[PDB]
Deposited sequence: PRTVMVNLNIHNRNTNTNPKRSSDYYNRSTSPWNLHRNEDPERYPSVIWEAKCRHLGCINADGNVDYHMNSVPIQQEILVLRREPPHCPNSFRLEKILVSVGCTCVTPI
């Protein structure tokens, strides 16, 4: 009912540091979600390592909370299946890291 064309070839941004994930008070890991019926097909989702957050001393402090920061994202989904380059839009949620948080 409303349809458009898109060139998936790309240009822009170099990178670096980005071990925020390891020095955060609310650190995380990245889990690969691969779906071949989907553009992009590889997506990296963040997952908080602890319930609590990390001390100065480097011990977990459960009076606080690692929680994930999320984003609504649009992704491409094959429509109909078996059709290698026709697609519909699909909105989804993506954890991109965790932040630490006071519970009240």
field: Deposited positions lacking CA coordinates
entry: 14-18
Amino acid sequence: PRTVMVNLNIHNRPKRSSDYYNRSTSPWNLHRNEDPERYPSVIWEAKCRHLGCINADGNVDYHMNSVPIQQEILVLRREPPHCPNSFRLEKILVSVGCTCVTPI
From here on, numbers count along this sequence of modelled residues.
- prompt: Looking at the other compared entries that model residues on both sides of it, is residue 16 unmodelled in at least a third of them?
  reply: yes
- request: Report the stretch with the higher mean CA temperature factor, choosing between 31-39 and 66-74 on the basis of the entry.
  value: 31-39
- prompt: Taking the recorded C-alpha temperature factors, which stretch has the higher mean, 82-90 or 15-23?
  reply: 15-23
message: Using the temperature factors of the C-alpha atoms in this entry, rank residue 100 within its chain: lowest, middle or highest third.
response: lowest
- prompt: Which third, lowest, middle or highest, does the CA B-factor of residue 54 fall in along this chain?
  reply: middle
